[PDB]
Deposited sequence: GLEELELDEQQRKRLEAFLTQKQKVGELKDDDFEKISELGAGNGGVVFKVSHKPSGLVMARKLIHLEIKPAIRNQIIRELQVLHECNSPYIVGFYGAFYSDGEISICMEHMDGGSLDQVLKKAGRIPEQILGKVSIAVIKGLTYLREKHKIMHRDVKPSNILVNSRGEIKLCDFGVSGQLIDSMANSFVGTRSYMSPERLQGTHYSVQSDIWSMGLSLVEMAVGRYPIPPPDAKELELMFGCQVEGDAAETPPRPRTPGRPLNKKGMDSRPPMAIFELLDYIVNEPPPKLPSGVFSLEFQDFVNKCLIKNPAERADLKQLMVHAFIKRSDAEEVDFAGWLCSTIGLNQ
């Protein structure tokens, strides 16, 4: 597929990452010094850490799980597949280990945080910026399914990471069933077919992307749909079980009219079709008018991001 083709800068950055990764070796707990907390989520807390021997900065997720040695060793072995997941749209992997009752997963550090954190600072994320995000998510989901036969299964703003170089990468995609079962995470982004028991596919991840795009475009979780008074304040309390019933039984959310392009509205509409068979697939989204316009658009995402969250 032509979408998995890499630019020259992408190929250089991937090769540089792999070159620095080869110099690391077996990760051990005492080789890390904590710098700051990047946030909690998906069963653990993530810290920005320094790997003292190599000097690299990493993101370290610690999942407190009291498990027998055998259980931990299968998880660490199942997570070894992440060494082969190398893509400009997937966060890079360093290693996994067990120490004093906590599983550690050490990955590439994205100094822009997650898009749920960016959204809180920005209020709303512009359409041209969301075009770049859509391209990255589509290509990331394509790489995972095409090169590894993996579904992400948890697309949401907090699982999309960005950095000051303009890169946009996915994270928190399951690869270890033992780790999943051992943990025993919000379902507010799950497709109505997954919430109804009907088995999952990449179409479920496409629903989650469309819902995430709508939330970032309007600045609020779009379910329940906003009132006209909320819209006039935006452009000029359901419990969790009630919310999940709303997703299955009510029409999907949509962007407001007049403030977004029709190509963007049509793009998220084809993502949020409740029937997974009528919902667009990755191949069709890759050639959608909104995506073709966005790829031709020359958006300084890094410049927008650094000024929005104040990286400087």
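Missing C-alpha coordinates mark the following deposited-sequence intervals, in order: 1, 186-189, 242-271, 348.
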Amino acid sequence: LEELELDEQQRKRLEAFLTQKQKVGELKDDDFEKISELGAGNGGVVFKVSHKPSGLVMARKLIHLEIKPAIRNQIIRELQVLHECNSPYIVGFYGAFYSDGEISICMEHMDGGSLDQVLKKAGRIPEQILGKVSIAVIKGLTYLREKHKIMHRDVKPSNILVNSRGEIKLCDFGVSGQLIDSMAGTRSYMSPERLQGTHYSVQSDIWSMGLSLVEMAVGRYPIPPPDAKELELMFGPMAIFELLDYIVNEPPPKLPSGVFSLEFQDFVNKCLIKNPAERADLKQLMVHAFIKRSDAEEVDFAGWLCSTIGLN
From here on, numbers count along this sequence of modelled residues.
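Basically, rigid core = biggest C-alpha set you can superpose within 1.5 Å across the two forms.
Of the two stretches examined, 78-86 and 122-130, the one with higher mean CA deviation in 5 other deposited structures of this protein after a rigid core fit is 78-86. Taking the rigid core as the alignment reference, the C-alpha atoms of 62-70 lie farther on average from the displayed form in 5 other deposited structures of this protein than those of the other stretch among 62-70 and 258-266. A summary of the deposited B-factors shows that, of 53-61 and 261-269, the stretch with the larger mean C-alpha value is 53-61. Taking the PDB entry as given, 221-229 carries the higher mean Cα B factor of the two stretches 110-118 and 221-229.
The entry lists C-alpha B-factors for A277, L285, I35, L255, and the highest of these is at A277. For the set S176, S87, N159, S191, the maximum C-alpha B-factor listed in the entry falls on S176. When the modelled residues of the chain are ordered by their C-alpha B factor, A16 lands in the highest third. Split the chain's modelled residues into thirds by C-alpha temperature factor. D154 is in the middle one.
In the PDB entry, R165 places in the middle third of its chain by CA B-factor. In this PDB entry, the Cα temperature factor of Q196 sits in the top third of its chain's modelled residues, the highest group. Remark: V299 belongs to the middle third of its chain, ranked by C-alpha B-factor as recorded.
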